[PDB]
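**Student:** Just data_8.cif, nothing more (mmCIF, C-alpha atoms and all ligand atoms):
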```cif
data_start
loop_
_atom_site.label_atom_id
_atom_site.label_comp_id
_atom_site.auth_asym_id
_atom_site.auth_seq_id
_atom_site.Cartn_x
_atom_site.Cartn_y
_atom_site.Cartn_z
CA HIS A 1 -5.24 11.36 -2.16
CA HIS A 2 -8.05 10.70 0.29
CA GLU A 3 -7.52 7.73 2.68
CA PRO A 4 -10.96 6.26 3.30
CA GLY A 5 -11.65 4.17 6.42
CA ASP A 6 -13.16 1.35 4.42
CA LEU A 7 -11.64 -1.95 3.35
CA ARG A 8 -8.91 -0.10 1.40
CA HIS A 9 -7.48 1.10 4.78
CA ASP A 10 -6.30 -2.53 5.42
CA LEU A 11 -4.72 -3.11 1.99
CA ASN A 12 -1.31 -2.24 0.63
CA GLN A 13 -0.74 -0.43 -2.70
CA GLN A 14 -0.30 -3.64 -4.67
CA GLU A 15 -3.53 -5.04 -3.21
CA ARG A 16 -5.46 -1.80 -3.76
CA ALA A 17 -4.01 -1.73 -7.35
CA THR A 18 -5.15 -5.40 -7.95
CA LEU A 19 -8.68 -4.39 -6.79
CA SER A 20 -8.72 -1.17 -8.92
CA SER A 21 -7.92 -3.38 -11.89
CA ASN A 22 -10.66 -5.88 -10.99
CA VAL A 23 -13.22 -3.01 -10.95
CA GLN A 24 -11.95 -1.58 -14.26
CA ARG A 25 -12.11 -4.96 -15.93
CA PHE A 26 -15.58 -5.74 -14.56
CA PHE A 27 -16.81 -2.46 -15.89
CA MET A 28 -15.43 -3.34 -19.37
CA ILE A 29 -16.82 -6.88 -19.50
CA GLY A 30 -20.34 -5.95 -18.55
CA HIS A 31 -20.42 -6.76 -14.80
CA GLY A 32 -22.06 -4.70 -12.06
CA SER A 33 -24.54 -1.95 -12.52
CA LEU A 34 -24.02 1.50 -14.07
CA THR A 35 -27.06 3.71 -13.47
CA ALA A 36 -27.75 7.41 -13.81
CA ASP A 37 -29.74 9.87 -11.76
CA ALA A 38 -30.24 13.64 -11.31
CA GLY A 39 -26.78 13.68 -9.66
CA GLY A 40 -24.79 11.75 -12.34
CA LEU A 41 -23.64 8.09 -12.63
CA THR A 42 -23.19 5.38 -10.01
CA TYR A 43 -21.27 2.22 -10.71
CA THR A 44 -21.63 -0.71 -8.30
CA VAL A 45 -20.10 -4.15 -8.57
CA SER A 46 -19.66 -7.09 -6.17
CA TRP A 47 -17.12 -9.90 -6.34
CA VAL A 48 -14.92 -12.24 -4.37
CA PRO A 49 -11.33 -11.03 -4.77
CA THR A 50 -8.21 -13.26 -5.05
CA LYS A 51 -7.61 -15.42 -1.89
CA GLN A 52 -4.73 -13.29 -0.65
CA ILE A 53 -7.08 -10.32 -0.50
CA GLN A 54 -10.17 -12.32 0.46
CA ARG A 55 -8.41 -13.50 3.65
CA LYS A 56 -7.67 -9.90 4.58
CA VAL A 57 -11.15 -8.43 3.81
CA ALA A 58 -13.30 -11.54 4.57
CA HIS B 1 -17.60 -12.56 -25.90
CA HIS B 2 -18.33 -10.26 -22.95
CA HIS B 3 -21.73 -9.74 -21.44
CA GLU B 4 -23.53 -6.60 -22.71
CA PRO B 5 -25.85 -5.35 -19.97
CA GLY B 6 -28.87 -3.22 -20.49
CA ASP B 7 -27.87 -0.53 -18.04
CA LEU B 8 -26.34 2.82 -19.02
CA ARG B 9 -23.48 1.04 -20.79
CA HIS B 10 -26.17 0.07 -23.33
CA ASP B 11 -26.25 3.70 -24.56
CA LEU B 12 -22.45 4.29 -24.75
CA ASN B 13 -19.79 3.61 -27.31
CA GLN B 14 -16.49 1.76 -26.77
CA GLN B 15 -14.47 4.92 -26.20
CA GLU B 16 -17.06 6.25 -23.76
CA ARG B 17 -17.06 2.92 -21.89
CA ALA B 18 -13.20 2.80 -21.78
CA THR B 19 -13.18 6.45 -20.37
CA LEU B 20 -15.67 5.54 -17.65
CA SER B 21 -13.76 2.35 -16.73
CA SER B 22 -10.76 4.65 -16.27
CA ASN B 23 -12.72 6.97 -14.05
CA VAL B 24 -13.76 3.96 -11.89
CA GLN B 25 -10.23 2.60 -11.69
CA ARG B 26 -8.71 5.97 -10.75
CA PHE B 27 -11.50 6.78 -8.24
CA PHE B 28 -10.74 3.46 -6.53
CA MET B 29 -7.07 4.46 -6.29
CA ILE B 30 -7.69 8.00 -5.07
CA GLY B 31 -9.99 6.92 -2.21
CA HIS B 32 -13.42 7.85 -3.67
CA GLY B 33 -16.50 5.57 -3.49
CA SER B 34 -17.17 2.91 -0.88
CA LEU B 35 -15.48 -0.52 -0.58
CA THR B 36 -17.35 -2.80 1.81
CA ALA B 37 -17.48 -6.47 2.74
CA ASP B 38 -20.78 -7.67 1.51
CA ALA B 39 -22.35 -11.08 1.89
CA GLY B 40 -19.75 -13.41 0.35
CA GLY B 41 -17.34 -10.74 -0.92
CA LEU B 42 -16.59 -7.13 -1.72
CA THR B 43 -18.85 -4.43 -3.07
CA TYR B 44 -17.46 -1.32 -4.62
CA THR B 45 -19.74 1.60 -5.37
CA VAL B 46 -18.86 5.04 -6.69
CA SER B 47 -20.84 8.04 -7.96
CA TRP B 48 -19.66 10.81 -10.28
CA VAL B 49 -20.54 13.21 -13.05
CA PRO B 50 -18.70 12.12 -16.13
CA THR B 51 -16.71 14.50 -18.36
CA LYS B 52 -18.76 16.83 -20.63
CA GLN B 53 -18.90 14.70 -23.87
CA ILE B 54 -20.33 11.74 -21.93
CA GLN B 55 -22.46 13.90 -19.63
CA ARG B 56 -24.23 15.30 -22.78
CA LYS B 57 -25.21 11.66 -23.66
CA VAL B 58 -26.20 10.53 -20.14
CA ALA B 59 -27.97 13.81 -19.21
CA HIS C 1 -4.52 15.59 -13.22
CA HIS C 2 -7.98 15.89 -11.55
CA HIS C 3 -11.37 14.72 -12.87
CA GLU C 4 -13.31 17.38 -14.81
CA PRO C 5 -17.04 16.70 -14.29
CA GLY C 6 -19.46 17.88 -16.97
CA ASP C 7 -21.61 19.47 -14.27
CA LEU C 8 -21.87 23.24 -13.54
CA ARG C 9 -18.21 23.29 -12.56
CA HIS C 10 -17.41 22.70 -16.29
CA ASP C 11 -18.75 26.15 -17.02
CA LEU C 12 -16.94 28.02 -14.27
CA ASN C 13 -13.42 29.47 -14.17
CA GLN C 14 -10.81 28.49 -11.54
CA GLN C 15 -11.60 31.47 -9.30
CA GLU C 16 -15.38 30.94 -9.37
CA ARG C 17 -14.81 27.28 -8.45
CA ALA C 18 -12.38 28.33 -5.65
CA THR C 19 -14.98 30.66 -4.24
CA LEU C 20 -17.72 28.03 -4.41
CA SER C 21 -15.51 25.42 -2.69
CA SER C 22 -15.10 27.97 0.08
CA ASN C 23 -18.76 28.63 0.18
CA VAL C 24 -19.28 24.88 0.67
CA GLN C 25 -16.62 24.40 3.35
CA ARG C 26 -18.15 27.36 5.22
CA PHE C 27 -21.72 26.04 4.95
CA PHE C 28 -20.49 22.69 6.39
CA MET C 29 -18.92 24.37 9.41
CA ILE C 30 -21.97 26.59 10.16
CA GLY C 31 -24.71 23.86 10.10
CA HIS C 32 -26.07 24.37 6.59
CA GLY C 33 -27.02 21.46 4.36
CA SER C 34 -27.38 17.89 5.56
CA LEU C 35 -24.65 15.41 6.56
CA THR C 36 -26.09 11.90 6.61
CA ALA C 37 -24.84 8.31 7.03
CA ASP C 38 -24.88 5.65 4.43
CA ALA C 39 -24.30 4.71 0.86
CA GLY C 40 -21.53 3.14 2.94
CA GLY C 41 -20.03 6.35 4.34
CA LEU C 42 -21.22 9.95 4.43
CA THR C 43 -23.34 12.10 2.15
CA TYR C 44 -23.21 15.90 2.39
CA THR C 45 -25.63 18.03 0.41
CA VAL C 46 -26.10 21.80 0.47
CA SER C 47 -28.21 24.21 -1.61
CA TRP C 48 -27.66 27.99 -1.91
CA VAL C 49 -27.92 31.03 -4.22
CA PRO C 50 -24.41 32.07 -5.28
CA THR C 51 -23.24 35.63 -6.29
CA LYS C 52 -24.93 37.36 -9.22
CA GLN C 53 -21.91 36.75 -11.52
CA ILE C 54 -21.87 32.98 -10.96
CA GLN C 55 -25.70 32.97 -11.05
CA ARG C 56 -25.72 34.24 -14.61
CA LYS C 57 -23.24 31.55 -15.72
CA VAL C 58 -25.36 28.73 -14.18
CA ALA C 59 -28.98 29.60 -15.21
CA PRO D 1 -28.50 20.50 12.75
CA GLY D 2 -29.25 17.24 14.52
CA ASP D 3 -27.51 15.44 11.66
CA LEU D 4 -24.06 13.74 12.05
CA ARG D 5 -22.19 16.99 12.78
CA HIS D 6 -24.11 17.34 16.06
CA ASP D 7 -22.10 14.36 17.40
CA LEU D 8 -18.74 15.10 15.81
CA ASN D 9 -16.08 17.18 17.62
CA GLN D 10 -14.31 20.18 16.10
CA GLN D 11 -11.27 18.32 14.67
CA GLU D 12 -13.56 15.79 13.00
CA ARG D 13 -15.92 18.41 11.52
CA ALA D 14 -12.99 20.46 10.26
CA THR D 15 -11.51 17.30 8.63
CA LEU D 16 -14.81 16.70 6.84
CA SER D 17 -15.20 20.33 5.79
CA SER D 18 -11.73 19.97 4.24
CA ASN D 19 -12.82 16.73 2.47
CA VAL D 20 -15.84 18.43 1.07
CA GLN D 21 -13.78 21.42 0.01
CA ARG D 22 -11.12 19.33 -1.72
CA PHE D 23 -13.72 17.06 -3.41
CA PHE D 24 -15.36 20.14 -4.93
CA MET D 25 -12.02 21.24 -6.46
CA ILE D 26 -10.90 17.76 -7.67
CA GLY D 27 -14.18 17.23 -9.49
CA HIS D 28 -15.93 14.75 -7.27
CA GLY D 29 -19.60 14.97 -6.34
CA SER D 30 -22.32 16.78 -8.32
CA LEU D 31 -22.93 20.59 -8.72
CA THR D 32 -26.36 21.22 -10.21
CA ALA D 33 -28.70 24.22 -10.51
CA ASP D 34 -32.41 24.86 -10.20
CA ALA D 35 -34.86 27.69 -10.32
CA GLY D 36 -33.66 27.84 -6.68
CA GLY D 37 -29.87 28.21 -7.04
CA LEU D 38 -27.04 25.64 -6.66
CA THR D 39 -26.94 22.17 -5.01
CA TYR D 40 -23.76 20.40 -4.21
CA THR D 41 -23.86 16.75 -3.14
CA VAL D 42 -20.93 14.38 -2.54
CA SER D 43 -20.63 10.98 -0.80
CA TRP D 44 -17.45 9.51 0.67
CA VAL D 45 -15.96 7.31 3.38
CA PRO D 46 -14.10 9.45 5.91
CA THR D 47 -10.87 8.42 7.72
CA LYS D 48 -11.17 5.32 9.83
CA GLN D 49 -11.52 7.28 13.12
CA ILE D 50 -14.63 9.09 11.94
CA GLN D 51 -15.98 6.20 9.87
CA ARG D 52 -15.81 4.07 13.03
CA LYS D 53 -18.06 6.68 14.73
CA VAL D 54 -20.67 7.28 12.03
CA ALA D 55 -20.97 3.56 10.96
CL CL A 101 -22.12 -7.48 -9.00
NA NA A 102 -18.05 13.93 -9.97
NA NA A 103 -30.72 23.25 -6.99
#
```
What would the structure in this file look like if it were written as structure tokens?
Ligand SMILES: [Cl-]
Ligand code: NA
Ligand code: NA
**Tutor:**
Amino acid sequence: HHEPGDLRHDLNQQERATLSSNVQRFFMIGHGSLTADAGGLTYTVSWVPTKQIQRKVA
Amino acid sequence: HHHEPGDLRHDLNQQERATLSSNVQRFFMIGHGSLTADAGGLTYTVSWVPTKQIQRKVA
Amino acid sequence: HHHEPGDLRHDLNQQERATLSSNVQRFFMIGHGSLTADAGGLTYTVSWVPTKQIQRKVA
Amino acid sequence: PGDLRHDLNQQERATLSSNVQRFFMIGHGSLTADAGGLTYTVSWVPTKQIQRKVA
């Protein structure tokens, strides 16, 4: 799988999996923005993650 | 009692929503989209063409 | 286990998609299309007329 | 072009051509058609080394 040079580059699997879950949950409970264009869909959401992760990415 | 936003999720059924949430989760895990440090926190953004059944509805 | 977008790729067979992926990798290496910055990250976009066979499937 | 590839070296540009190629196959991005022909677009964050350069 692709290894992007964004904030996931500094997180371990557990931490990345915690964040993947955050995003999936937010999508289900109505948070963020799902929009469509010519291309397809874009989902965007912002949040403050748990402190353990927040210290690492903030 | 979850918020029900008026974005594209407004046009989609529960199954369609659950499928897309799965796309978003997996995309996060497989390194797609962009995870940046925003003002106070994180922003995750990802773009994709959904599977055919959903594509029919959104296109 | 890959994502199966409902875009034109939905309508193409494995070999036609293989060929197009090659067309795209080639175009990138020879200066075609446009590689630009943000969205957070990179966007690459390229337009082209594919072979007559693929052409008929996609129009 | 005088886009980002202008400033990227051969290893970097090859890496990205491989990203683009793999993303096409794994279903990421958007393949659409016009009266023209086909358009493929995909966005992504490259490996740190390249992301550090283009951001
Ligand atoms: Cl948000
Ligand atoms: Na896609
Ligand atoms: Na086109």
**Student:** Find the distance between atom CA of residue A:47 and atom CA of residue D:45 and write it in Å to one decimal.
**Tutor:**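 Calculated distance between atom CA of residue A:47 and atom CA of residue D:45 is 19.8 Å.
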**Student:** Please, which residues have at least one atom within 9 Å of an atom of ligand CL 101 (chain A), using all atoms listed in the file, listed as a VMD selection string?
**Tutor:** (chain A and resid 26 31 to 33 44 to 47) or (chain B and resid 43 to 44)
**Student:** Taking into account all atoms listed in the file, which residue in the set D:3, D:27, D:12, D:18 is nearest to ligand NA 102 (chain A)?
**Tutor:**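 Closest to ligand NA 102 (chain A) of all the choices is D:27.
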**Student:** Which residues are near residue B:46? Cut-off 7 Å, only C-alpha atoms, ignore same chain within fewer than 4 positions. Put them as a list in words.
**Tutor:** residues 42, 43 and 44 of chain A; 32, 33 and 34 of chain B
**Student:** Report, to one decimal in Å, the C-alpha RMSD of chain C against chain B after an in-order least-squares superposition over all those atoms.
**Tutor:**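 C-alpha RMSD, chain C fitted to chain B: 0.7 Å.
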**Student:** Rounded to one decimal place, report the atom CA of residue A:41-atom CA of residue B:58 distance in Å.
**Tutor:**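 Between atom CA of residue A:41 and atom CA of residue B:58 the gap works out to 8.3 Å.
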**Student:** Once you count all atoms listed in the file, which residues end up within 10 Å of ligand NA 103 (chain A), and could you hand them over as a list in words?
**Tutor:**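 Protein and nucleic-acid residues within 10 Å of ligand NA 103 (chain A): residues 46, 47, 48 and 49 of chain C; 31, 32, 33, 34, 35, 36, 37, 38, 39 and 40 of chain D.
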**Student:** One decimal, in Å: what's the spacing between atom CA of residue A:25 and atom CA of residue B:42?
**Tutor:** 15.1 Å
**Student:** Compute the set of protein, DNA and RNA residues whose minimum atom distance to ligand NA 102 (chain A) is at most 10 Å, using all atoms listed in the file, and state it as a PyMOL selection string.
**Tutor:** (chain A and resi 39-42) or (chain B and resi 23+27+32+46-51) or (chain C and resi 3-7+9) or (chain D and resi 23-24+26-31+41-43)
**Student:** Residue B:37: which residues within 8 Å, counting only C-alpha atoms, same-chain residues fewer than 6 positions away excluded, as a tab-separated table (two decimals) with C-alpha atoms, in the coordinates of the input?
**Tutor:**
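Listed below is the output, part_22.tsv:
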```
chain	number	residue	atom	x	y	z
A	7	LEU	CA	-11.64	-1.95	3.35
A	57	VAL	CA	-11.15	-8.43	3.81
A	58	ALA	CA	-13.30	-11.54	4.57
B	43	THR	CA	-18.85	-4.43	-3.07
```
**Student:** The centre and edge lengths of an axis-aligned box containing all atoms of stretch 1-7 of chain A present in the file, extended by 3 Å on each side, are to be given in Å to one decimal, as JSON.
**Tutor:**
```
{"center_x": -9.2, "center_y": 4.7, "center_z": 2.1, "size_x": 13.9, "size_y": 19.3, "size_z": 14.6}
```
**Student:** Find, counting only C-alpha atoms, the residue in A:19, A:48, A:53, A:36 that gets nearest to residue B:28.
**Tutor:** A:19
**Student:** Kindly indicate which residue among D:44, D:21, D:5, D:10 lies nearest to chain B, using only C-alpha atoms for the distances.
**Tutor:**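 Among the listed residues, D:44 lies closest to chain B.
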**Student:** Considering all atoms listed in the file, return as a PyMOL selection string whatever protein or nucleic-acid residues lie within 12 Å of residue A:21, sequence-local ones (same chain, fewer than 5 positions apart) excluded.
**Tutor:** (chain A and resi 14-16+26-28+49) or (chain B and resi 21-29)
**Student:** The residues within 9 Å of (-23.7, 1.8, 1.6), using all atoms listed in the file and the coordinates of the file, should be reported as a PyMOL selection string; which are they?
**Tutor:** (chain B and resi 34-36+45) or (chain C and resi 37-42)
**Student:** Measuring atom to atom with only C-alpha atoms, identify which of B:57, B:17, B:2, B:10 is nearest to chain C.
**Tutor:** B:57
